[PDB]
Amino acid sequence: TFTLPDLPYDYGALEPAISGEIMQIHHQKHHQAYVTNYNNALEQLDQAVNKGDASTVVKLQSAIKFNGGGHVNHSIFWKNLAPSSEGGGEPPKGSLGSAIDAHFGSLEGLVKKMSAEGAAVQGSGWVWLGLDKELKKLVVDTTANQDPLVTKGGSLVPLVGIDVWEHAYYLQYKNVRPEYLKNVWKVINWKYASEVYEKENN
C-alpha cells in the first residue's frame, strides 16, 4: 500500500503564487483520496489477478489508472515546486538548462509553450515537460485527467508537471487559468527537474 507523502515545504510557502488554502486542500483532500482509492483498487486487483478473473482485472483499469495516476502525478508535482526563497523560480543550470535552450530556444520559449498548452487543456488535465529516454529529447505534452506522462510513451520521464485541474487554482484565480499559469513559474523547482533529467528517474 501507499501513503500520502509530506510536502517538502509548508502549505503557505509558495505564496503569493499559490495560496496556502489551495495547497492544504490539494494535498490533504485531493491527493489523499487518490492514495486511498488506489490502495483499494489495488486490493481488488490483487484478488482478481490471483483468482484469474480477467473481466474484473480489465474493469479495474479505469480506477487503477485514475487513482494510481493521481498518486504519481501529484507526488511529482509537489517535488517540482519550491518556495521562491529556496530556489523556486531559479532557472535550470547545467545540461537541462542547455537542453531546454537547444529544444525550445530559451527558458521563455518553453514557458510560453507550456503556458499555451496548459491554457488550452479541455477539462481536467496536466501539462508536462518530459525527457524521451529513447530519442534523447525533451518534449512538451499534456495528459487528460490523472493520466500520467508515461501513458503518452513508455520511454518518457516527467521533469516538470503543472496541474491544470480547476481545483489547482480555482479558489485563488477562479476562472482565470492563464493568470495561474503566469504565476506558477515563480515556484517551479528547476533543481528537481535537473536531477530527474541527470538521472532519468523521478
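Start at 1 with the first residue shown and count on from there.
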| query | finding |
| --- | --- |
| Which of 20 to 28 and 190 to 198 has higher mean CA B factor, as the PDB entry lists it | 190 to 198 |
| Greater mean Cα temperature factor according to the PDB record, 9 to 17 or 174 to 182 | 9 to 17 |
| Highest-ranked of 88, 118, 130, 123 once sorted by CA temperature factor in the record | 88 |
| Of the residues 48, 164, 64, 156, the one carrying the largest Cα B-factor as recorded | 156 |
| Where the record places residue 103 (Cα B-factor, split into thirds across the chain) | highest |
| Position of residue 93 among the chain's modelled residues by C-alpha B-factor, lowest, middle or highest third | highest |
| Cα B factor band for residue 150 (lowest, middle or highest third within the chain) | lowest |
| Cα B factor band for residue 135 (lowest, middle or highest third within the chain) | highest |
| Relative C-alpha B-factor of residue 111, binned into the chain's lowest, middle or highest third | highest |
